[PDB]
C-alpha cells in the first residue's frame, strides 16, 4: 500500500506562531512534510485562547477552532528559546531541516545567533523564511498592523464597499489567509526547486503589504495611469449587466446573479418567464443594461424575492447563467459539492472529539493532500522528536525537561 506524497522527506523547523506563517506550513504538512512547531508553554500561540471553542467552553489551550484549523498534521515541541540549553536543541533541528521559518521580533534570531549567517553554516541546504508587515527598513518599517490593517493599507478596503457609503473591506483579516501564505509557499517552493540544482538553500523574505498589493492591482494602476481614484462599486461590475445580489425567500437570503452577454441575458429572461418589461430597448444591450442598472436591479429583485434561491440557482445554472446562493458557513459545510470533492475533513482529537477541518484547495491526481491528525497540544511531540530525530539519550531528554528547557 504505497502512498506518494509530493514533499516526502521535507522537514520544516517552524517557529511561526500567529498570522500567515502557520497557515503556510499547514499546507506543507498536508503534502507529506514533517512540520515541527516550536511552541513555548510560557508563550502559547494566542489563537489557542481565541473563540470559537468546542461548545463555547474556552478552558485550557486545546479547544479553539481558530487555532486548530491552521495546525492539523503538525508536530509540536515545547522549547523555551531564551534558555541557553534550548539553542543547542534548535541547532540540532535546524541541522535536519529543509526550511526554517519564524515571526520573532527583528533581530531576535540574530541575538540567539540563529540568523541566516549562522543558519547557513549549520545547514547550507536550509531555506530561511521571514516576513514583515511592510519591510524591515524604511520609514514605516517599525509600524504595527494586523490583517484588517493591511486590507486597508494595501488599497483593498477602499475598493470594497458601496459607492457613497463607508467602506467595509472583506469582514476578515484577509491578507493573512491567502495572499501572504500563498506567496510564502511559492517562495519556499522556488527555493526548493533552485536547490535541486545548486545544492544550496537561500533566504526568502516577504513584505505582507507588497504581497497584498500584488493581488489588488487596479486601485494603484488606474490612479497611476489616469490620475483618478477608482471608486468602489458595491456588488456591481464594470462589464457584467445585470450583476448583483438579490433577495430570495427566507432569513437573510440572497442570490448572486451575473450576466456577461446577450445570450446570458436571454437565458435570464427565459428563466423569468419572458416578462414584457425585460424586452424594453433600455435592456437590449450590455451597454443599456449598465446604464439602466438601478431599475434593472429593482425589477430583478422584485421577482427573485418570490422565489426559493436554491431552486432558482439550479435553474439559472442549467440555463448557463452564472448564479449562486450567498451561502453562510453552515451552507458551505453542508454543500454537496465541497463534500463530494473531499474539501472538508473531520479529525478526532483527545479533548474536543471529532471536529471540522479542511484540506488546502488543491486536488493532486497522483500525490493528493492528506488530513491525518488534529492540531497538536503544546509539547505533544517533545520526547518523540528529541529522542527519535535529534538523537538525545533518554537521560539527556529527561534532564532537558526536568530542568524545564523543554516541556
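Residue numbers count along the first chain shown, from 1.
Original post:
Which is higher in the entry, the mean Cα B factor of 123-131 or that of 158-166?
Top reply: Result of the comparison: 123-131.
**OP:** Taking the mean of the C-alpha B-factors per stretch from the entry, tell me the winner out of 204-212 and 285-293.
**Re:** It is 285-293 that shows the higher mean C-alpha B-factor.
Original post:
Per the coordinate record, which of the options 382, 30, 64, 358 holds the highest CA temperature factor?
Top reply: Going by the entry's C-alpha B-factors, 382 comes out highest.
Original post:
For the listed residues 327, 96, 299, 142, which one has the largest C-alpha B-factor as given in the deposited model?
Top reply: Highest C-alpha B-factor among the listed options: 96.
**OP:** Compare the C-alpha B factor of residue 334 with those of the other modelled residues in its chain, then answer lowest, middle or highest third.
**Re:** Residue 334: CA B-factor falls in the lowest third of its chain.
Original post:
Which third of the chain does residue 186 land in by C-alpha B-factor: lowest, middle or highest?
Top reply: Ranked within chain, residue 186 CA B lands in the middle tercile.
Original post:
By its CA B factor, does residue 84 count among the lowest, middle or highest third of the modelled residues in the chain?
Top reply: It belongs to the highest third of the chain when residues are ordered by C-alpha B-factor.
**OP:** Determine, from the deposited record, the chain-internal third of the Cα B-factor for residue 253: lowest, middle or highest.
**Re:** Ranked within chain, residue 253 CA B lands in the lowest tercile.
**OP:** Comparing against every modelled residue in the chain, figure out the third that the C-alpha B-factor of residue 107 lands in (lowest, middle or highest).
**Re:** Residue 107: CA B-factor falls in the highest third of its chain.
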